[PDB]
$ cat upload35.cif   # mmCIF, C-alpha atoms
data_input
loop_
_atom_site.label_atom_id
_atom_site.label_comp_id
_atom_site.auth_asym_id
_atom_site.auth_seq_id
_atom_site.Cartn_x
_atom_site.Cartn_y
_atom_site.Cartn_z
CA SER A 1 -91.88 -103.81 -18.91
CA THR A 2 -90.34 -103.94 -15.45
CA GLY A 3 -87.19 -105.18 -13.76
CA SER A 4 -86.35 -106.15 -10.18
CA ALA A 5 -82.89 -106.94 -8.82
CA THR A 6 -81.47 -107.53 -5.38
CA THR A 7 -78.69 -105.23 -4.21
CA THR A 8 -76.21 -106.52 -1.60
CA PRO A 9 -73.79 -104.68 0.73
CA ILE A 10 -70.15 -105.27 -0.23
CA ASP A 11 -69.02 -105.55 3.39
CA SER A 12 -70.16 -105.48 7.01
CA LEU A 13 -70.32 -101.66 7.07
CA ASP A 14 -72.56 -101.17 4.01
CA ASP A 15 -69.73 -99.22 2.34
CA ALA A 16 -71.47 -99.74 -0.99
CA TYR A 17 -74.01 -102.04 -2.62
CA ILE A 18 -73.62 -104.31 -5.65
CA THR A 19 -76.30 -105.46 -8.06
CA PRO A 20 -75.83 -108.19 -10.68
CA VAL A 21 -76.09 -106.98 -14.29
CA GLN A 22 -76.12 -109.13 -17.43
CA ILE A 23 -74.03 -107.76 -20.30
CA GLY A 24 -73.69 -109.21 -23.77
CA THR A 25 -74.58 -112.47 -25.53
CA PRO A 26 -74.16 -114.97 -23.98
CA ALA A 27 -74.65 -113.02 -20.77
CA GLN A 28 -71.62 -111.93 -18.78
CA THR A 29 -72.79 -111.12 -15.25
CA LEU A 30 -70.92 -108.32 -13.49
CA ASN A 31 -71.69 -106.88 -10.06
CA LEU A 32 -72.14 -103.14 -10.48
CA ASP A 33 -72.49 -100.24 -8.06
CA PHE A 34 -75.75 -98.50 -8.97
CA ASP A 35 -75.01 -94.81 -8.59
CA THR A 36 -77.76 -92.17 -8.70
CA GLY A 37 -75.01 -89.53 -8.49
CA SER A 38 -73.39 -90.29 -11.86
CA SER A 39 -74.39 -91.19 -15.40
CA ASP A 40 -71.84 -93.61 -16.86
CA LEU A 41 -72.17 -97.39 -17.04
CA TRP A 42 -68.55 -98.52 -16.96
CA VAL A 43 -66.95 -101.90 -16.34
CA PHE A 44 -63.69 -103.64 -15.67
CA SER A 45 -62.88 -105.34 -18.94
CA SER A 46 -60.45 -107.34 -21.04
CA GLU A 47 -59.02 -103.91 -21.98
CA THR A 48 -58.25 -102.83 -18.41
CA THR A 49 -54.52 -102.46 -17.70
CA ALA A 50 -53.61 -105.82 -16.17
CA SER A 51 -51.82 -104.40 -13.11
CA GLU A 52 -55.01 -102.50 -12.25
CA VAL A 53 -57.23 -105.59 -12.10
CA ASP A 54 -57.31 -107.45 -8.73
CA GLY A 55 -60.10 -110.00 -8.41
CA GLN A 56 -62.87 -108.19 -10.33
CA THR A 57 -64.98 -109.94 -12.93
CA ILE A 58 -64.30 -108.46 -16.36
CA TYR A 59 -66.43 -107.84 -19.44
CA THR A 60 -64.85 -109.25 -22.59
CA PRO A 61 -66.59 -107.65 -25.59
CA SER A 62 -64.89 -110.00 -28.08
CA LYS A 63 -66.87 -112.87 -26.51
CA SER A 64 -70.22 -111.10 -26.96
CA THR A 65 -71.95 -111.58 -30.30
CA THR A 66 -73.99 -108.41 -29.74
CA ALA A 67 -71.07 -106.13 -28.78
CA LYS A 68 -70.14 -103.36 -31.21
CA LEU A 69 -67.34 -100.84 -30.83
CA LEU A 70 -68.75 -97.32 -30.65
CA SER A 71 -66.15 -95.98 -33.01
CA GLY A 72 -64.17 -92.98 -31.81
CA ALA A 73 -65.93 -92.75 -28.45
CA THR A 74 -63.96 -92.32 -25.25
CA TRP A 75 -64.87 -91.57 -21.65
CA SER A 76 -63.17 -90.30 -18.51
CA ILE A 77 -64.69 -89.71 -15.12
CA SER A 78 -63.62 -88.45 -11.72
CA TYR A 79 -65.74 -89.01 -8.63
CA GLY A 80 -66.25 -86.91 -5.51
CA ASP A 81 -64.01 -89.20 -3.49
CA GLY A 82 -61.09 -88.59 -5.84
CA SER A 83 -61.29 -91.92 -7.66
CA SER A 84 -61.35 -92.11 -11.47
CA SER A 85 -61.49 -94.31 -14.55
CA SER A 86 -61.40 -93.97 -18.35
CA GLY A 87 -61.53 -95.95 -21.56
CA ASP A 88 -63.44 -96.61 -24.77
CA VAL A 89 -67.03 -97.64 -25.48
CA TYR A 90 -69.07 -100.53 -26.82
CA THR A 91 -72.78 -100.88 -27.31
CA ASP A 92 -74.29 -104.14 -26.14
CA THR A 93 -77.38 -105.72 -24.59
CA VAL A 94 -77.71 -105.01 -20.87
CA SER A 95 -80.29 -106.57 -18.54
CA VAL A 96 -81.09 -105.76 -14.92
CA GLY A 97 -83.47 -107.99 -13.03
CA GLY A 98 -85.27 -109.13 -16.18
CA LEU A 99 -85.40 -105.69 -17.86
CA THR A 100 -83.42 -105.57 -21.10
CA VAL A 101 -81.97 -102.62 -23.02
CA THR A 102 -80.42 -103.21 -26.43
CA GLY A 103 -77.75 -100.80 -27.71
CA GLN A 104 -76.71 -99.64 -24.22
CA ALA A 105 -73.38 -97.82 -24.04
CA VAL A 106 -71.04 -100.02 -22.01
CA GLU A 107 -67.94 -98.03 -21.16
CA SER A 108 -64.92 -100.33 -21.07
CA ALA A 109 -62.18 -99.26 -18.67
CA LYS A 110 -58.64 -99.05 -19.93
CA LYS A 111 -57.50 -97.41 -16.68
CA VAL A 112 -58.93 -97.31 -13.17
CA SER A 113 -57.59 -95.58 -10.05
CA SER A 114 -56.21 -97.53 -7.11
CA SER A 115 -59.41 -97.32 -5.05
CA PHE A 116 -61.23 -99.32 -7.73
CA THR A 117 -58.43 -101.87 -8.13
CA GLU A 118 -58.36 -102.37 -4.37
CA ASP A 119 -62.07 -103.11 -4.18
CA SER A 120 -62.41 -106.66 -5.48
CA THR A 121 -66.20 -106.69 -5.03
CA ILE A 122 -67.13 -103.89 -7.47
CA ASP A 123 -66.89 -104.74 -11.18
CA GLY A 124 -67.99 -101.27 -12.33
CA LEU A 125 -70.66 -98.61 -11.96
CA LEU A 126 -74.15 -98.19 -13.39
CA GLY A 127 -75.07 -94.51 -13.37
CA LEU A 128 -78.63 -93.46 -12.68
CA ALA A 129 -78.34 -89.65 -12.57
CA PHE A 130 -79.42 -87.61 -15.61
CA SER A 131 -77.80 -88.35 -18.97
CA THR A 132 -76.56 -84.76 -19.22
CA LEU A 133 -73.70 -85.85 -16.89
CA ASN A 134 -72.59 -88.75 -19.09
CA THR A 135 -68.91 -88.34 -19.99
CA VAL A 136 -68.74 -90.09 -23.38
CA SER A 137 -67.14 -87.96 -26.08
CA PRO A 138 -67.76 -86.86 -28.77
CA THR A 139 -71.31 -88.24 -28.60
CA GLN A 140 -72.84 -88.23 -25.11
CA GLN A 141 -74.64 -91.47 -24.23
CA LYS A 142 -77.83 -92.26 -22.31
CA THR A 143 -78.10 -94.08 -18.99
CA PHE A 144 -79.68 -97.49 -18.67
CA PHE A 145 -82.76 -95.87 -17.11
CA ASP A 146 -83.05 -93.23 -19.82
CA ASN A 147 -82.86 -95.97 -22.49
CA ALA A 148 -85.41 -98.18 -20.71
CA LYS A 149 -87.82 -95.42 -19.75
CA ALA A 150 -90.23 -95.40 -22.66
CA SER A 151 -90.69 -99.18 -22.40
CA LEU A 152 -91.32 -99.22 -18.66
CA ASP A 153 -94.84 -99.58 -17.27
CA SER A 154 -94.17 -96.33 -15.36
CA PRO A 155 -91.12 -94.10 -15.89
CA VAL A 156 -89.64 -94.73 -12.43
CA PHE A 157 -87.09 -96.71 -10.52
CA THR A 158 -86.94 -97.31 -6.77
CA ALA A 159 -84.09 -97.82 -4.31
CA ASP A 160 -84.76 -99.91 -1.20
CA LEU A 161 -81.34 -100.30 0.41
CA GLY A 162 -80.93 -102.54 3.45
CA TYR A 163 -79.13 -101.88 6.71
CA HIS A 164 -76.55 -104.65 7.00
CA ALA A 165 -78.82 -106.67 4.67
CA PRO A 166 -79.77 -107.00 1.00
CA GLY A 167 -82.34 -104.72 -0.62
CA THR A 168 -83.89 -104.09 -4.00
CA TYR A 169 -83.76 -101.89 -7.10
CA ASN A 170 -87.02 -101.96 -9.08
CA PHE A 171 -87.57 -100.47 -12.52
CA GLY A 172 -90.96 -99.50 -13.91
CA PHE A 173 -93.20 -100.06 -10.88
CA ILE A 174 -93.69 -99.12 -7.24
CA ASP A 175 -93.92 -102.13 -4.89
CA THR A 176 -96.64 -101.00 -2.50
CA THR A 177 -95.72 -103.83 -0.08
CA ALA A 178 -92.18 -102.48 0.38
CA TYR A 179 -92.95 -99.46 2.57
CA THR A 180 -95.19 -98.31 5.41
CA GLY A 181 -97.56 -95.36 5.34
CA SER A 182 -97.54 -93.10 2.29
CA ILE A 183 -94.86 -91.89 -0.12
CA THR A 184 -94.18 -88.15 0.12
CA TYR A 185 -93.07 -86.63 -3.16
CA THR A 186 -90.84 -83.58 -3.41
CA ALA A 187 -89.57 -81.38 -6.26
CA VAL A 188 -86.34 -82.11 -8.13
CA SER A 189 -83.97 -79.74 -9.91
CA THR A 190 -82.10 -81.35 -12.78
CA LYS A 191 -79.96 -78.23 -13.39
CA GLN A 192 -76.76 -79.89 -12.15
CA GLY A 193 -77.64 -83.32 -13.57
CA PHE A 194 -78.43 -84.81 -10.16
CA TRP A 195 -81.54 -85.93 -8.29
CA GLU A 196 -81.35 -82.65 -6.37
CA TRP A 197 -84.05 -81.75 -3.86
CA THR A 198 -84.62 -79.67 -0.71
CA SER A 199 -85.16 -81.27 2.66
CA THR A 200 -87.38 -79.30 5.02
CA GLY A 201 -85.21 -79.74 8.13
CA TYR A 202 -83.87 -82.11 10.75
CA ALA A 203 -83.96 -83.35 14.32
CA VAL A 204 -81.33 -85.03 16.49
CA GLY A 205 -82.55 -87.92 18.61
CA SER A 206 -85.73 -87.04 20.47
CA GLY A 207 -85.01 -83.33 20.00
CA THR A 208 -87.30 -80.79 18.44
CA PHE A 209 -87.45 -80.52 14.67
CA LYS A 210 -85.59 -77.59 13.11
CA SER A 211 -87.35 -76.25 10.03
CA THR A 212 -84.67 -75.25 7.57
CA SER A 213 -84.14 -75.80 3.84
CA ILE A 214 -81.31 -78.18 3.00
CA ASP A 215 -80.60 -78.57 -0.72
CA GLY A 216 -78.86 -81.82 -1.58
CA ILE A 217 -78.69 -84.84 -3.84
CA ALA A 218 -80.07 -88.35 -3.45
CA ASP A 219 -76.93 -90.37 -4.16
CA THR A 220 -76.89 -94.16 -3.82
CA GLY A 221 -73.21 -94.16 -4.82
CA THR A 222 -72.08 -92.19 -1.75
CA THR A 223 -71.78 -94.12 1.53
CA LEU A 224 -72.38 -91.38 4.10
CA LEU A 225 -74.72 -88.47 4.82
CA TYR A 226 -72.97 -85.13 4.15
CA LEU A 227 -74.74 -82.05 5.54
CA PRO A 228 -73.90 -78.44 6.48
CA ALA A 229 -71.37 -78.01 9.27
CA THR A 230 -73.98 -76.43 11.55
CA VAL A 231 -76.27 -79.49 11.30
CA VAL A 232 -73.42 -81.97 11.72
CA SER A 233 -72.06 -80.15 14.78
CA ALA A 234 -75.52 -80.20 16.35
CA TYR A 235 -75.69 -83.97 15.84
CA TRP A 236 -72.25 -84.87 17.23
CA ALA A 237 -72.64 -82.51 20.20
CA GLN A 238 -75.14 -85.09 21.50
CA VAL A 239 -72.48 -87.83 21.57
CA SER A 240 -70.11 -87.68 24.55
CA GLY A 241 -66.50 -87.57 23.39
CA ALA A 242 -67.26 -87.07 19.70
CA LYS A 243 -64.95 -84.71 17.85
CA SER A 244 -63.88 -83.69 14.39
CA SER A 245 -60.47 -85.11 13.63
CA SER A 246 -58.46 -83.48 10.86
CA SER A 247 -56.02 -86.42 10.94
CA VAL A 248 -58.76 -89.01 10.42
CA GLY A 249 -60.78 -86.84 8.04
CA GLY A 250 -64.05 -86.24 9.87
CA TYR A 251 -66.06 -86.78 13.00
CA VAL A 252 -65.10 -89.72 15.17
CA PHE A 253 -66.71 -90.93 18.36
CA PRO A 254 -65.98 -93.39 21.17
CA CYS A 255 -66.94 -96.88 20.06
CA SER A 256 -68.56 -97.27 23.50
CA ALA A 257 -71.20 -94.65 22.61
CA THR A 258 -74.87 -95.19 21.91
CA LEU A 259 -75.67 -92.96 18.91
CA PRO A 260 -78.85 -90.90 18.68
CA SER A 261 -81.10 -91.12 15.66
CA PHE A 262 -81.19 -88.40 13.00
CA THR A 263 -84.43 -87.28 11.36
CA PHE A 264 -84.69 -85.45 8.03
CA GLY A 265 -87.74 -83.76 6.57
CA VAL A 266 -89.40 -84.53 3.25
CA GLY A 267 -92.14 -81.94 2.93
CA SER A 268 -94.25 -82.40 6.06
CA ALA A 269 -93.08 -86.02 6.41
CA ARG A 270 -90.12 -87.28 8.42
CA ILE A 271 -87.56 -90.04 7.78
CA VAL A 272 -85.80 -91.38 10.87
CA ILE A 273 -82.27 -92.74 10.57
CA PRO A 274 -81.62 -95.01 13.57
CA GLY A 275 -78.45 -94.32 15.50
CA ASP A 276 -76.88 -97.65 14.55
CA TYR A 277 -76.98 -96.64 10.87
CA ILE A 278 -74.55 -93.82 11.73
CA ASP A 279 -71.84 -96.18 13.08
CA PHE A 280 -69.05 -96.94 10.59
CA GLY A 281 -66.88 -98.80 13.05
CA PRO A 282 -63.28 -98.52 14.21
CA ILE A 283 -61.12 -96.07 12.27
CA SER A 284 -58.48 -98.81 12.05
CA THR A 285 -58.61 -102.42 13.17
CA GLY A 286 -58.76 -102.68 16.96
CA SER A 287 -59.25 -98.96 17.56
CA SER A 288 -61.77 -97.71 20.11
CA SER A 289 -62.34 -94.59 17.97
CA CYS A 290 -65.23 -95.09 15.53
CA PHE A 291 -65.99 -93.22 12.31
CA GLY A 292 -69.23 -91.29 12.05
CA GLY A 293 -71.79 -91.74 9.31
CA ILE A 294 -72.89 -88.08 9.30
CA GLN A 295 -70.12 -85.76 8.11
CA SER A 296 -69.76 -82.15 6.99
CA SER A 297 -70.31 -81.25 3.36
CA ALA A 298 -68.22 -78.09 3.78
CA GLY A 299 -65.79 -78.01 0.89
CA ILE A 300 -67.72 -80.62 -1.14
CA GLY A 301 -69.88 -77.84 -2.49
CA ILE A 302 -73.10 -79.84 -2.20
CA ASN A 303 -75.01 -81.74 0.47
CA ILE A 304 -75.29 -85.47 -0.19
CA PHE A 305 -78.06 -87.77 1.01
CA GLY A 306 -76.00 -90.91 0.60
CA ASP A 307 -76.68 -94.47 1.68
CA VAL A 308 -76.87 -93.66 5.42
CA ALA A 309 -79.96 -91.57 4.68
CA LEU A 310 -81.43 -93.48 1.75
CA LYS A 311 -81.33 -96.89 3.43
CA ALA A 312 -83.74 -95.55 6.08
CA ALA A 313 -86.35 -95.05 3.35
CA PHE A 314 -88.09 -96.48 0.33
CA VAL A 315 -87.05 -94.00 -2.37
CA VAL A 316 -88.82 -93.33 -5.68
CA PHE A 317 -86.82 -91.79 -8.50
CA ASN A 318 -89.64 -90.52 -10.71
CA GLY A 319 -88.42 -89.86 -14.24
CA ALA A 320 -91.64 -88.38 -15.57
CA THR A 321 -91.39 -85.32 -17.82
CA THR A 322 -91.02 -83.25 -14.65
CA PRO A 323 -88.95 -85.51 -12.39
CA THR A 324 -89.66 -85.81 -8.66
CA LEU A 325 -88.39 -87.84 -5.69
CA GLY A 326 -90.54 -89.82 -3.29
CA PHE A 327 -89.67 -91.00 0.22
CA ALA A 328 -91.53 -93.42 2.47
CA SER A 329 -90.67 -94.99 5.81
CA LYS A 330 -90.31 -98.79 5.80
#
$ encode --input "upload35.cif" --output "structure tokens"
Amino acid sequence: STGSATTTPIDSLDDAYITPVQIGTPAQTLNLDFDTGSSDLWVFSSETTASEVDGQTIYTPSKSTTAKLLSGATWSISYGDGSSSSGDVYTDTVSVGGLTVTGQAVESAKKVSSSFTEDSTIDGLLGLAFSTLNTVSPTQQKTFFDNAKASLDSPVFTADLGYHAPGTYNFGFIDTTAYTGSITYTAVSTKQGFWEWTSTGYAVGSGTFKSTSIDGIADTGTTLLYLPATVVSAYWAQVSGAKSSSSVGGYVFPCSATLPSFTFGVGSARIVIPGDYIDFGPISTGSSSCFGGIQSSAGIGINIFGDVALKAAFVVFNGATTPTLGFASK
């Protein structure tokens, strides 16, 4: 089997992407944030504290003939940005782009943090990291991909995120029309539960390539590119007037600037992030100070190849017995 679904930016900055997901019988379609950095499929629901729901579409398990309470199971998650959610668990039928999993754990939120409430466009998350990170207790549950894997034509999914435009998540096949040149594959460590890999270096603009190992995670659920302070300083030093602002929470730059590109290495191959991808716009409405899309990972504890990086590539998440990651230009 295969599936193919379009993923759409939630706003003009590509702060996140939403993908429609069918849950239950009859189908209830919710727009979920596909997140290769976590492993829970959780939704706003009829159980979510009313004051914490503000415009989201909810899953109502009592209206699904295939929903079953997973008795005794609870979940609770906290994300790198400080947001969180928790609740109980149902199993139900879940379909993405024509690919159907029966008995998928659907984690129903009883509580969500303010960041989730305030984002009307995201109805929940669909985790695509390794199932070892799933938070359900006392019986850990599998991700949608892990459940689908054995049925797929090939045990893979791909992320093809757009810049200020829709893109695609495919399951079970590689669309050879969706990228240019060849796909370069690179080793993955699953030791921390992430799609963790080592980039071979970077360049800033038309500058020379610096060969250096950068361990990090491919994370569709993180907006920005978070790299070591040395790398980030080298990038922003090429932008007149750019500075790290403790008050704002990262590097800012004059909105009048033209940003250089940023290149990262995948083995001997190179992925080029155009400068415009690194512009996240005014820090506040009407400001001439703009927020940068490349930020320091210092104090995160891990480097994160988030959407800024991934949307410059066609990315293969290869879930074979020994997982790997593939990157192609597009």
$ residues_around --input "upload35.cif" --residues "stretch 194-210 of chain A" --least-positions-apart "6" --cutoff "10 Å" --atoms "only C-alpha atoms" --output "mmCIF file with C-alpha atoms, keeping the file's coordinate frame"
data_model
loop_
_atom_site.group_PDB
_atom_site.id
_atom_site.type_symbol
_atom_site.label_atom_id
_atom_site.label_comp_id
_atom_site.auth_asym_id
_atom_site.auth_seq_id
_atom_site.Cartn_x
_atom_site.Cartn_y
_atom_site.Cartn_z
ATOM 1 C CA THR A 36 -77.760 -92.170 -8.700
ATOM 2 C CA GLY A 37 -75.010 -89.530 -8.490
ATOM 3 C CA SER A 38 -73.390 -90.290 -11.860
ATOM 4 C CA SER A 39 -74.390 -91.190 -15.400
ATOM 5 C CA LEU A 128 -78.630 -93.460 -12.680
ATOM 6 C CA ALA A 129 -78.340 -89.650 -12.570
ATOM 7 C CA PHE A 130 -79.420 -87.610 -15.610
ATOM 8 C CA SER A 131 -77.800 -88.350 -18.970
ATOM 9 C CA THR A 132 -76.560 -84.760 -19.220
ATOM 10 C CA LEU A 133 -73.700 -85.850 -16.890
ATOM 11 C CA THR A 186 -90.840 -83.580 -3.410
ATOM 12 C CA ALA A 187 -89.570 -81.380 -6.260
ATOM 13 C CA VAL A 188 -86.340 -82.110 -8.130
ATOM 14 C CA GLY A 216 -78.860 -81.820 -1.580
ATOM 15 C CA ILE A 217 -78.690 -84.840 -3.840
ATOM 16 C CA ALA A 218 -80.070 -88.350 -3.450
ATOM 17 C CA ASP A 219 -76.930 -90.370 -4.160
ATOM 18 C CA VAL A 231 -76.270 -79.490 11.300
ATOM 19 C CA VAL A 232 -73.420 -81.970 11.720
ATOM 20 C CA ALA A 234 -75.520 -80.200 16.350
ATOM 21 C CA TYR A 235 -75.690 -83.970 15.840
ATOM 22 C CA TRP A 236 -72.250 -84.870 17.230
ATOM 23 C CA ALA A 237 -72.640 -82.510 20.200
ATOM 24 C CA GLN A 238 -75.140 -85.090 21.500
ATOM 25 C CA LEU A 259 -75.670 -92.960 18.910
ATOM 26 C CA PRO A 260 -78.850 -90.900 18.680
ATOM 27 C CA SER A 261 -81.100 -91.120 15.660
ATOM 28 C CA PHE A 262 -81.190 -88.400 13.000
ATOM 29 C CA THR A 263 -84.430 -87.280 11.360
ATOM 30 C CA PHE A 264 -84.690 -85.450 8.030
ATOM 31 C CA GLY A 265 -87.740 -83.760 6.570
ATOM 32 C CA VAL A 266 -89.400 -84.530 3.250
ATOM 33 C CA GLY A 267 -92.140 -81.940 2.930
ATOM 34 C CA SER A 268 -94.250 -82.400 6.060
ATOM 35 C CA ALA A 269 -93.080 -86.020 6.410
ATOM 36 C CA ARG A 270 -90.120 -87.280 8.420
ATOM 37 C CA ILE A 271 -87.560 -90.040 7.780
ATOM 38 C CA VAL A 272 -85.800 -91.380 10.870
ATOM 39 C CA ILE A 273 -82.270 -92.740 10.570
ATOM 40 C CA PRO A 274 -81.620 -95.010 13.570
ATOM 41 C CA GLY A 275 -78.450 -94.320 15.500
ATOM 42 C CA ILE A 302 -73.100 -79.840 -2.200
ATOM 43 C CA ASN A 303 -75.010 -81.740 0.470
ATOM 44 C CA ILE A 304 -75.290 -85.470 -0.190
ATOM 45 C CA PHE A 305 -78.060 -87.770 1.010
ATOM 46 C CA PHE A 317 -86.820 -91.790 -8.500
ATOM 47 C CA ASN A 318 -89.640 -90.520 -10.710
ATOM 48 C CA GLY A 319 -88.420 -89.860 -14.240
ATOM 49 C CA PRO A 323 -88.950 -85.510 -12.390
ATOM 50 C CA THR A 324 -89.660 -85.810 -8.660
ATOM 51 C CA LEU A 325 -88.390 -87.840 -5.690
#
$ atom_distance --input "upload35.cif" --atom1 "atom CA of residue A:63" --atom2 "atom CA of residue A:94"
14.5 Å
$ closest_atom_pairs --input "upload35.cif" --of "stretch 74-129 of chain A" --to "stretch 136-158 of chain A" --cutoff "9 Å" --atoms "all atoms listed in the file" --output "Markdown table"
| residue | atom | partner | partner_atom | distance |
| --- | --- | --- | --- | --- |
| A:74 | CA | A:137 | CA | 5.5 |
| A:75 | CA | A:136 | CA | 4.5 |
| A:76 | CA | A:136 | CA | 7.4 |
| A:88 | CA | A:136 | CA | 8.5 |
| A:89 | CA | A:136 | CA | 8.0 |
| A:94 | CA | A:144 | CA | 8.1 |
| A:99 | CA | A:148 | CA | 8.0 |
| A:100 | CA | A:148 | CA | 7.7 |
| A:101 | CA | A:148 | CA | 6.1 |
| A:102 | CA | A:147 | CA | 8.6 |
| A:103 | CA | A:147 | CA | 8.8 |
| A:104 | CA | A:144 | CA | 6.7 |
| A:105 | CA | A:141 | CA | 6.5 |
| A:107 | CA | A:136 | CA | 8.3 |
| A:126 | CA | A:144 | CA | 7.7 |
| A:127 | CA | A:143 | CA | 6.4 |
| A:128 | CA | A:143 | CA | 6.4 |
| A:129 | CA | A:143 | CA | 7.8 |
$ residues_around --input "upload35.cif" --residues "residue A:328" --least-positions-apart "4" --cutoff "6 Å" --atoms "all atoms listed in the file" --output "ChimeraX atom specification"
/A:183,313-314
$ closest_residue --input "upload35.cif" --among "A:193, A:25, A:12, A:327" --to "residue A:181" --atoms "all atoms listed in the file"
A:327
$ closest_residue --input "upload35.cif" --among "A:81, A:279, A:118, A:92" --to "residue A:54" --atoms "only C-alpha atoms"
A:118
$ resolve_selection --input "upload35.cif" --expression "the PyMOL selection byres ((chain A and resi 228) around 8)" --output "list in words"
residues 226, 227, 229, 230, 231, 232, 296, 297, 298 and 303 of chain A
$ atom_distance --input "upload35.cif" --atom1 "atom CA of residue A:322" --atom2 "atom CA of residue A:189"
9.2 Å
$ closest_residue --input "upload35.cif" --among "A:10, A:109, A:242, A:178" --to "residue A:49" --atoms "all atoms listed in the file"
A:109
$ resolve_selection --input "upload35.cif" --expression "the PyMOL selection byres ((chain A and resi 115) around 12)" --output "count of residues only"
22
$ closest_residue --input "upload35.cif" --among "A:66, A:95, A:180, A:284" --to "residue A:312" --atoms "all atoms listed in the file"
A:180
$ residues_near_point --input "upload35.cif" --point "(-80.6, -105.0, -2.4)" --cutoff "6 Å" --atoms "all atoms listed in the file" --output "compact mmCIF listing (two decimals) with C-alpha atoms, in the coordinates of the input"
# COMPACT_ATOMS: atom_id res chain seq x y z
CA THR A 6 -81.47 -107.53 -5.38
CA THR A 7 -78.69 -105.23 -4.21
CA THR A 8 -76.21 -106.52 -1.60
CA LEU A 161 -81.34 -100.30 0.41
CA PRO A 166 -79.77 -107.00 1.00
CA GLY A 167 -82.34 -104.72 -0.62
CA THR A 168 -83.89 -104.09 -4.00
$ closest_residue --input "upload35.cif" --among "A:215, A:22, A:9, A:278" --to "residue A:301" --atoms "all atoms listed in the file"
A:215
$ decode --input "upload35.cif" --residues "stretch 130-166 of chain A" --atoms "C-alpha atoms" --output "short mmCIF file (atom, residue, chain, number, x, y, z; two decimals), in the first residue's frame"
data_model
loop_
_atom_site.label_atom_id
_atom_site.label_comp_id
_atom_site.auth_asym_id
_atom_site.auth_seq_id
_atom_site.Cartn_x
_atom_site.Cartn_y
_atom_site.Cartn_z
CA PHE A 130 10.67 6.26 16.61
CA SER A 131 8.02 4.58 18.76
CA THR A 132 10.47 4.33 21.67
CA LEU A 133 9.61 8.01 22.37
CA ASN A 134 5.85 7.43 22.58
CA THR A 135 4.55 8.65 25.95
CA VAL A 136 1.54 6.35 26.48
CA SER A 137 1.58 4.61 29.85
CA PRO A 138 1.53 1.86 30.99
CA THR A 139 1.67 0.33 27.51
CA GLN A 140 3.73 2.31 25.00
CA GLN A 141 2.04 2.68 21.60
CA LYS A 142 3.31 2.65 18.02
CA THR A 143 3.36 5.56 15.58
CA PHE A 144 1.19 5.64 12.48
CA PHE A 145 4.28 4.87 10.36
CA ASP A 146 5.38 1.98 12.57
CA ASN A 147 1.87 0.48 12.33
CA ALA A 148 1.68 0.97 8.55
CA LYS A 149 5.22 -0.14 7.77
CA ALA A 150 4.78 -3.83 7.08
CA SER A 151 1.91 -3.11 4.67
CA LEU A 152 3.74 -0.42 2.71
CA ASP A 153 5.25 -1.15 -0.70
CA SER A 154 8.56 0.10 0.75
CA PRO A 155 9.14 0.90 4.45
CA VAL A 156 9.63 4.64 3.90
CA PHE A 157 7.96 8.00 4.07
CA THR A 158 9.06 11.23 2.42
CA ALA A 159 8.74 14.90 3.37
CA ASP A 160 8.60 17.48 0.57
CA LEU A 161 7.82 20.74 2.35
CA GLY A 162 7.15 23.88 0.33
CA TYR A 163 8.52 27.38 0.76
CA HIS A 164 5.47 29.60 1.19
CA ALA A 165 3.54 26.87 -0.69
CA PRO A 166 1.98 23.44 -0.15
#
